[PDB]
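Q: Have a look at this one before I ask anything.
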Amino acid sequence: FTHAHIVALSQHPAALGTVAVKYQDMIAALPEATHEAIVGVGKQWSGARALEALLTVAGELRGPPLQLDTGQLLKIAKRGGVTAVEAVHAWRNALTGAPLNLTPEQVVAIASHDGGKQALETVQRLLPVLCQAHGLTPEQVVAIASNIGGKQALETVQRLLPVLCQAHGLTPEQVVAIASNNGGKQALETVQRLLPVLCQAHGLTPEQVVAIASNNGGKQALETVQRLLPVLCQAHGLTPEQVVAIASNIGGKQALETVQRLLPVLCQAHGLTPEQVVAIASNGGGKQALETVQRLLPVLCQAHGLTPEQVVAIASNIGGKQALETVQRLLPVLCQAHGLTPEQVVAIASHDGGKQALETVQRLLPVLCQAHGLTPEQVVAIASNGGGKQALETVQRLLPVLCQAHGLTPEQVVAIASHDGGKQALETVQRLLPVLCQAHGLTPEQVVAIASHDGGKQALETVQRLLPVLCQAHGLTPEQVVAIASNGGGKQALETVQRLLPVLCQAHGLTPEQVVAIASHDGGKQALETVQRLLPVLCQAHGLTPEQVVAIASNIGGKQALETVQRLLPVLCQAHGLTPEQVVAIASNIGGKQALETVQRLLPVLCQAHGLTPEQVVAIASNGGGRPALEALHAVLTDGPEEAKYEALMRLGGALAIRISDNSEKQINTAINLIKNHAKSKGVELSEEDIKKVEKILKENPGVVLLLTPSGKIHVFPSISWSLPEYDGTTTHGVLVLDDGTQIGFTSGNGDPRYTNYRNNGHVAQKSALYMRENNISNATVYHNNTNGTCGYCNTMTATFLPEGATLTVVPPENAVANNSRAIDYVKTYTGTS
DNA sequence: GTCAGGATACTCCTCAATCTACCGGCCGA
DNA sequence: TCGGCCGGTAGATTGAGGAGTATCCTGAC
Ligand SMILES: [Zn+2]
């Protein structure tokens with residue numbers, strides 16, 4: 001023992017005398033009893049009595065009925081106390097091997113709580129009653145009973161479950177959720193008393209009240225919500241959803257009161273928007289984070305050079321105040337000694353338990369970098385995760401054995417550990433790699449792929465359990481099982497497949513390959529359940545073939561896409577004139593729900609005001625990331641530079657940009673003829689009045705640029721300069737000059753669909769040659785802004801599109817430098833052949 | 001001796017967006 | 001042999017947000 005241990009036992013004076021006298025036989029009856037466990041047991045309210053009970057009982061308690069090891073006994077004595085140990089001794093054979101049928105783990109979980117003897121006797125006397133009359137799962141009863149004051153929770157559940165289920169319409173799962181917390185009797189009683197008042201007077205959804213009251217001290221949160229809903233909604237302009245999001249956390253009453261007190265201070269003296277404040281306060285212990293922000297925002301923003309956004313990001317997590325003080329204390333030493341940039345420190349500190357991650361990084365960066373050969377970036381990657389302290393310690397402990405005995409490489413171990421719960425995945429790999437690679441015929445790279453994702457331990461265990469079942473009974477392949485399991489929540493996907501594969505392949509006429517394809521993404525359980533529920537509805541009520549539904553579902557958010565298609569098929573098919581194929585194509589992408597909703601919102605605006613044919617909007621949305629693309633296009637079009645609108649509308653495709661040189665009548669007539677030819681090619685009539693108006697605007701404004709979109713409307717750009725834009729490395733701009741002097745704008749991309757076979761399709765020279773062929777132009781000259789010169793393919797395939805006898809002169813920019821063996825930096829003429 | 005409220009820290013799942021490697025029919029110099 | 005200022009397909013990161021589990025603490029009887 002050390003002086004710190006004696007200080008620890010100083011809380012219980014009788015334990016200090018007991019330990020110093022009977023230490024010889026405590027370790028004798030309890031092998032592998034460390035000093036920390038002893039000081040933890042002895043410093044409780046009954047430390048001496050608990051140690052005496054452990055000495056007396058642990059010798060025989062390890063029998064067949066319980067077979068509890070020394071760790072379980074120490075945990076019971078530390079948490080339950082001497083009374084819990086005595087109760088367990090008195091009821092060794094009553095709890096297990098009886099109609100109760102409780103495994104030793106459940107008994108240990110129930111007993112190792114404050115006042116756990118009462119919980120043990122109460123679960124003993126109510127388990128048959130709760131299981132028979134009220135139809136409660138024994139696991140649920142054990143979950144309710146394993147809480148501080150769990151006897152009161154059990155009694156209140158027995159008294160009030162029928163009332164809550166009948167007179168208030170709550171499922172038994174919800175009541176079990178409410179009553180599985182400390183002081184659950186108070187939460188149940190307050191829910192029963194205040195459910196109507198909150199649901200009708202304050203307009204609260206019953207599930208919202210349940211979410212509020214399913215936390216520790218939920219009675220206080222409910223009463224505080226009732227008290228402070230009008231104040232925060234009216235005097236501070238907070239939507240009720242924000243208030244119920246604040247209050248749905250442990251200590252939500254304190255968070256609500258602190259918000260009500262400090263919102264004006266944090267909003268009129270620190271420059272924080274209310275959204276930032278309610279994001280800070282929407283986490284466990286949000287009052288502490290709010291107060292620490294109010295105290296340390298100037299210090300961390302003026303001396304340590306952190307933006308307020310970084311401070312809000314650090315403080316928007318569980319234990320945010322601990323992270324804020326740790327950042328203040330450790331930023332100079334983590335930056336001026338260990339070499340981390342402040343962004344990396346902020347990234348490490350921006351997760352739950354960020355204080356532990358930062359302290360562990362400061363402690364273990366040199367040893368992990370030197371003894372194990374890890375890069376600092378790898379250590380930061382491991383640490384920038386929830387529970388990163390545990391992952392770093394596990395990496396330090398298990399890198400040699402995993403790299404040497406199991407044949408893994410450090411990169412594989414780091415990849416496994418760089419995830420939430422990476423310690424569990426590492427331990428599970430180190431335990432299960434031989435049996436998986438020997439009995440089930442897997443390979444180490446497959447095991448690493450399975451274990452890399454979050455919940456890799458659960459996926460590994462589920463694979464080790466279900467691979468023979470799925471491969472023999474259901475006729476799958478080990479590769480298909482590995483593909484299903486190599487995703488986030490792969491255990492749920494594996495179980496859902498093992499349940500629904502015969503049903504899906506028999507009732508709905510699907511294919512095992514189709515099921516494996518749907519199940520091989522994140523939320524594959526959700527996608528499988530949605531497919532099983534909605535395949536008939538989509539097939540008859542909307543006329544969608546099963547292949548289309550499988551194509552929609554085989555995406556990361558497939559459930560959301562399927563529900564969005566169900567909701568939005570008729571309105572988009574009728575109110576917007578979209579074929580079902582277009583909606584299916586839009587939704588058959590990651591984030592297809594967002595694309596569908598964005599199309600719903602922004603189809604009329606782009607179609608009527610701007611000049612976008614529905615085909616262009618569908619094509620933009622039919623790609624991945626459809627919402628950001630549509631939003632960016634709308635933002636550029638509604639308010640942006642004239643040039644930027646020019647490139648956006650050119651890249652949309654199908655547009656013709658024409659600029660005149662002189663106000664002579666002949667050039668105006670030629671431009672009108674070209675516009676008419678393009679419009680007839682697009683199949684839209686320009687009408688005489690619009691032709692007269694555009695001729696007037698062309699003859700009255702010199703240097704104006706006209707843009708004819710496929711929709712029909714003509715955009716006018718009066719000032720977009722007389723020179724080619726500087727090359728941006730992504731898009732090339734070209735100007736075609738004819739004999740008279742008119743200039744035609746071209747942009748790389750959007751090639752001719754019937755010439756996809758050509759490797760020069762979509763290039764500026766190819767587009768110019770196609771334009772010359774379509775408009776019957778004898779000769780022309782192209783100026784492009786690309787500094788890499790003409791493409792290699794366009795050097796030989798250009799004189800294949802333009803008609804024979806036509807001369808096209810390509811002129812690269814003066815400062816062009818060829819980057820390839822086939823590019824050209826000099827002016828070149830092209831004459832076509834047959 | 002038991003109970004309640006709060007407080008952190010860690011683990012597993014679902015969804016969205018972006019990035020990257022890949023292929024492919026058609027040409028003369 | 002050797003050249004894509006293109007576009008589709010498929011996979012592989014990146015990031016966020018939301019739940020669920022777990023241990024601890026103080027104050028009050
Ligand atoms: Zn080219």
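Convention: chains lettered A, B, ... in structure tokens order; per-chain residue numbering from 1; ligands numbered from 1 as shown.
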Please return, as a PyMOL selection string, all residues of chain C lying within 10 Å of chain A when only C-alpha atoms (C1' of nucleotides) are considered.

A: chain C and resi 2-7

Q: How would the residues just picked look written out with N, CA and C atoms (P, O5', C5', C4', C3', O3' and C1' of nucleotides) as a PDB file, in the first residue's frame?

A:
ATOM      1  P    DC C   2       4.005   4.114 -75.891  1.00  0.00           P
ATOM      2  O5'  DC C   2       2.970   5.208 -76.430  1.00  0.00           O
ATOM      3  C5'  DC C   2       3.464   6.475 -76.934  1.00  0.00           C
ATOM      4  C4'  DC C   2       2.306   7.434 -77.021  1.00  0.00           C
ATOM      5  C3'  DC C   2       1.435   7.467 -75.774  1.00  0.00           C
ATOM      6  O3'  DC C   2       1.126   8.821 -75.505  1.00  0.00           O
ATOM      7  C1'  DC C   2       0.121   6.900 -77.666  1.00  0.00           C
ATOM      8  P    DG C   3       1.637   9.534 -74.156  1.00  0.00           P
ATOM      9  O5'  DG C   3       0.612  10.765 -74.040  1.00  0.00           O
ATOM     10  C5'  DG C   3      -0.782  10.465 -73.803  1.00  0.00           C
ATOM     11  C4'  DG C   3      -1.603  11.029 -74.934  1.00  0.00           C
ATOM     12  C3'  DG C   3      -3.106  10.992 -74.715  1.00  0.00           C
ATOM     13  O3'  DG C   3      -3.518  12.028 -73.830  1.00  0.00           O
ATOM     14  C1'  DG C   3      -2.582  10.378 -76.938  1.00  0.00           C
ATOM     15  P    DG C   4      -4.703  11.811 -72.762  1.00  0.00           P
ATOM     16  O5'  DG C   4      -5.959  12.313 -73.603  1.00  0.00           O
ATOM     17  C5'  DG C   4      -6.263  13.713 -73.668  1.00  0.00           C
ATOM     18  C4'  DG C   4      -7.664  13.930 -73.171  1.00  0.00           C
ATOM     19  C3'  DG C   4      -7.799  13.879 -71.663  1.00  0.00           C
ATOM     20  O3'  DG C   4      -8.329  15.107 -71.195  1.00  0.00           O
ATOM     21  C1'  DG C   4      -9.464  12.570 -72.702  1.00  0.00           C
ATOM     22  P    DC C   5      -7.737  15.820 -69.885  1.00  0.00           P
ATOM     23  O5'  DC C   5      -8.873  16.899 -69.584  1.00  0.00           O
ATOM     24  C5'  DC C   5      -8.888  18.119 -70.301  1.00  0.00           C
ATOM     25  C4'  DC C   5     -10.289  18.689 -70.361  1.00  0.00           C
ATOM     26  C3'  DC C   5     -11.288  17.836 -71.120  1.00  0.00           C
ATOM     27  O3'  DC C   5     -12.602  18.157 -70.700  1.00  0.00           O
ATOM     28  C1'  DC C   5     -10.864  19.787 -72.345  1.00  0.00           C
ATOM     29  P    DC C   6     -13.435  17.128 -69.793  1.00  0.00           P
ATOM     30  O5'  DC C   6     -13.889  15.995 -70.822  1.00  0.00           O
ATOM     31  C5'  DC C   6     -14.750  16.319 -71.898  1.00  0.00           C
ATOM     32  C4'  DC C   6     -15.857  15.290 -72.030  1.00  0.00           C
ATOM     33  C3'  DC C   6     -16.764  15.164 -70.812  1.00  0.00           C
ATOM     34  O3'  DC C   6     -18.102  14.968 -71.223  1.00  0.00           O
ATOM     35  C1'  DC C   6     -15.733  13.084 -71.248  1.00  0.00           C
ATOM     36  P    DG C   7     -19.289  15.057 -70.149  1.00  0.00           P
ATOM     37  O5'  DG C   7     -19.553  13.538 -69.748  1.00  0.00           O
ATOM     38  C5'  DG C   7     -20.094  12.647 -70.704  1.00  0.00           C
ATOM     39  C4'  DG C   7     -20.319  11.277 -70.096  1.00  0.00           C
ATOM     40  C3'  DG C   7     -21.003  11.276 -68.729  1.00  0.00           C
ATOM     41  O3'  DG C   7     -21.973  10.246 -68.698  1.00  0.00           O
ATOM     42  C1'  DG C   7     -18.981  10.081 -68.611  1.00  0.00           C
TER      43       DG C   7
END

Q: Show me, as a ChimeraX atom specification, the residues of chain B whose atoms get within 6 Å of chain A, using only C-alpha atoms (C1' of nucleotides) for the distance check.

A: /B:2-6,8-17,25-28

Q: Based on DSSP run over this structure's backbone, return all residues of stretch 539-666 of chain A in strand (DSSP E), as a list in words.

A: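 Matching residues for strand (DSSP E) in stretch 539-666 of chain A are residues 656, 657, 658 and 659 of chain A.
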
Q: A:200, A:766, A:396, A:122: which is nearest ligand 1, counting only C-alpha atoms and all ligand atoms?

A: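 Distance minimum relative to ligand 1 lands on A:766.
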
Q: When you draw a straight line from atom CA of residue A:541 to atom CA of residue A:529, how long is it in Å?

A: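 Going from atom CA of residue A:541 over to atom CA of residue A:529, I get 18.6 Å.
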
Q: Contacts of residue A:5 at 10 Å or less, counting only C-alpha atoms (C1' of nucleotides), minus same-chain residues fewer than 3 places along, as a PyMOL selection string?

A: chain A and resi 1-2+8-10+16+35-36+38-40+43

Q: For the atom pair atom CA of residue A:242 and atom CA of residue A:278, what is the interatomic distance in Å to one decimal place?

A: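 Result for atom CA of residue A:242 versus atom CA of residue A:278: 7.0 Å, one decimal.
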
Q: Between atom CA of residue A:283 and atom CA of residue A:192, what is the spacing in Å?

A: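 Those two atoms sit 25.9 Å apart.
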
Q: Which neighbours of residue C:12 fall inside 12 Å, counting only C-alpha atoms (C1' of nucleotides), when residues of the same chain fewer than 3 positions from it are skipped, and could you give them as a list in words?

A: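 Skipping anything fewer than 3 positions along the chain leaves residues 18, 19, 20 and 21 of chain B.
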
Q: Go ahead and dump the residues you just picked, N, CA and C atoms (P, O5', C5', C4', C3', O3' and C1' of nucleotides), as a PDB file, in the first residue's frame.

A:
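Final file, out.pdb:
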ATOM      1  P    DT B  18     -20.953  17.104 -52.187  1.00  0.00           P
ATOM      2  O5'  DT B  18     -19.467  16.535 -52.120  1.00  0.00           O
ATOM      3  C5'  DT B  18     -18.737  16.623 -50.908  1.00  0.00           C
ATOM      4  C4'  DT B  18     -17.537  15.698 -50.937  1.00  0.00           C
ATOM      5  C3'  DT B  18     -16.723  15.745 -52.230  1.00  0.00           C
ATOM      6  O3'  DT B  18     -15.370  16.049 -51.934  1.00  0.00           O
ATOM      7  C1'  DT B  18     -17.201  13.501 -51.601  1.00  0.00           C
ATOM      8  P    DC B  19     -14.336  16.396 -53.112  1.00  0.00           P
ATOM      9  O5'  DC B  19     -13.461  15.068 -53.241  1.00  0.00           O
ATOM     10  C5'  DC B  19     -12.909  14.474 -52.079  1.00  0.00           C
ATOM     11  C4'  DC B  19     -12.450  13.059 -52.362  1.00  0.00           C
ATOM     12  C3'  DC B  19     -11.564  12.902 -53.601  1.00  0.00           C
ATOM     13  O3'  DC B  19     -10.371  12.221 -53.253  1.00  0.00           O
ATOM     14  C1'  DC B  19     -13.316  11.312 -53.614  1.00  0.00           C
ATOM     15  P    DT B  20      -9.085  12.298 -54.211  1.00  0.00           P
ATOM     16  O5'  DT B  20      -9.023  10.846 -54.875  1.00  0.00           O
ATOM     17  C5'  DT B  20      -9.049   9.692 -54.050  1.00  0.00           C
ATOM     18  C4'  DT B  20      -9.278   8.438 -54.874  1.00  0.00           C
ATOM     19  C3'  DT B  20      -8.526   8.386 -56.206  1.00  0.00           C
ATOM     20  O3'  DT B  20      -7.878   7.136 -56.330  1.00  0.00           O
ATOM     21  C1'  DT B  20     -10.797   7.883 -56.533  1.00  0.00           C
ATOM     22  P    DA B  21      -6.456   7.024 -57.062  1.00  0.00           P
ATOM     23  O5'  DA B  21      -6.582   5.674 -57.905  1.00  0.00           O
ATOM     24  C5'  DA B  21      -7.099   4.507 -57.286  1.00  0.00           C
ATOM     25  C4'  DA B  21      -7.997   3.743 -58.240  1.00  0.00           C
ATOM     26  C3'  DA B  21      -7.418   3.540 -59.642  1.00  0.00           C
ATOM     27  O3'  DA B  21      -7.263   2.154 -59.903  1.00  0.00           O
ATOM     28  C1'  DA B  21      -9.698   4.242 -59.723  1.00  0.00           C
TER      29       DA B  21
END

Q: Can you list, as number ranges by chain, all residues belonging to stretch 63-275 of chain A that DSSP tags as helix (DSSP H, G or I)?

A: A: 70-80, 82-90, 92-95, 104-111, 116-132, 138-145, 150-167, 172-178, 184-201, 206-213, 218-235, 240-247, 252-268, 274-275
